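Just one chain follows, in the form deposited in one PDB entry, and it is written as structure tokens.
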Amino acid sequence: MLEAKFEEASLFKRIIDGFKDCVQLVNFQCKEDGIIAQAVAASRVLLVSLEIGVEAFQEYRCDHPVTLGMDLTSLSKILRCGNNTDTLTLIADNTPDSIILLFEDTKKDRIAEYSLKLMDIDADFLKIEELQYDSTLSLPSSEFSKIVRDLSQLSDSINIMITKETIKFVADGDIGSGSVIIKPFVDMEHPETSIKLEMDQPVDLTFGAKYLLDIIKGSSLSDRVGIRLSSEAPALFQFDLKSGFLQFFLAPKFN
């Protein structure tokens, strides 16, 4: 018996909008220490990993573990409901068929109570992260977003390219070509406009722009995006939450 009460219903809506456009189904493992989730694109080139810790809820109680599969399209239809600053309460009784989402507003009158049917997904859950990534940068999520969006208009493939104190995004298509170079710097008038970079080995990797575009939708959810690149593994783009995170693992393009 689960009873997890988001402070503002807008968060859960947002974390789900954050990543709904790239994957159709999703398995939510609810535990004593919060809910965690994973979603693999059907293409198997993008994985979405989510963690919501207890400190992201106004209240939270999971007596036993529960796994809730659910169609993201359905769940987010239900999440357009209610008002934006209401208490959304996830509820499930043990070994369930239905999760129910229970919205109540700053007065006690509208008791809006939806209930979603659960899909059945098998928990081949993936641990795809690495100890050490060839490079690690970190920049404003809005910035990463303009440069992705901008370059996606030129071809299907954006090429990230990292060399000592130099992070370079590039697209190359029929129209023409595009090239956004950026460099690390601690700015102090807003220590959050900054750009961090740690390089152990230079990288040069290419990515589907389709997917980069899906990934940057997570900017609604943190001011900063951390992206970790490696030749040996999928790249990891990560948006930190209050308690928790939203990760996107993304595989590079071949030749």
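Numbering starts at 1 and follows the sequence shown.
Engineer: If you average the CA temperature factors as listed in the entry, which stretch comes out higher, 39-47 or 183-191?
Structural biologist: The stretch with the larger mean CA B-factor is 183-191.
Engineer: Mind pulling up the entry and telling me whether 85-93 or 149-157 has the higher mean Cα temperature factor?
Structural biologist: For C-alpha atoms only, the mean B-factor is higher in 85-93.
Engineer: Which is it among 143, 109, 134, 129: the one with the largest CA B-factor in the entry?
Structural biologist: Of the candidates given, the C-alpha B-factor peaks at 109.
Engineer: Looking at the C-alpha B-factor of residue 64, is it in the lowest, middle or highest third of its chain?
Structural biologist: As the PDB entry reports it, the C-alpha B-factor of residue 64 lands in the highest third of its chain.
Engineer: Can you work out whether the C-alpha temperature factor of residue 206 puts it in the lowest, middle or highest third of the chain?
Structural biologist: Ranked within chain, residue 206 CA B lands in the lowest tercile.
Engineer: Using the B-factors in the PDB entry, rank residue 114's C-alpha atom against the chain and give the third, lowest, middle or highest.
Structural biologist: According to the entry, residue 114 has a C-alpha B-factor in the chain's middle third.
Engineer: Using only modelled residues of the chain, where does the Cα B factor of residue 123 rank: lowest third, middle third or highest third?
Structural biologist: Highest third, going by the recorded CA B-factors of the chain.
Engineer: Using the B-factors in the PDB entry, rank residue 214's C-alpha atom against the chain and give the third, lowest, middle or highest.
Structural biologist: Lowest third.
What follows is about the form solved in complex with a partner chain, which we do not show.
Engineer: For residue 47, is any heavy atom within 4.5 Å of its partner chain in the bound PDB entry, or not?
Structural biologist: Result yes; residue 47 sits at the interface with its partner chain in the bound PDB entry.
Engineer: Going by a heavy atom distance of 4.5 Å, is residue 18 a contact of its partner chain in the bound PDB entry?
Structural biologist: Residue 18: no contact with its partner chain in the bound PDB entry.
Engineer: Residue-level contact is defined here as any heavy atom of the residue lying within 4.5 Å of its partner chain in the bound PDB entry; does residue 69 satisfy this criterion?
Structural biologist: Taking the distances in the bound PDB entry, the answer for residue 69 is no, it never comes within 4.5 Å of its partner chain.
Engineer: Although the partner isn't part of this model, could you tell me whether residue 208 comes within 4.5 Å of its partner chain in the bound PDB entry, counting any heavy atom of the residue?
Structural biologist: Yes, residue 208 is a contact residue.
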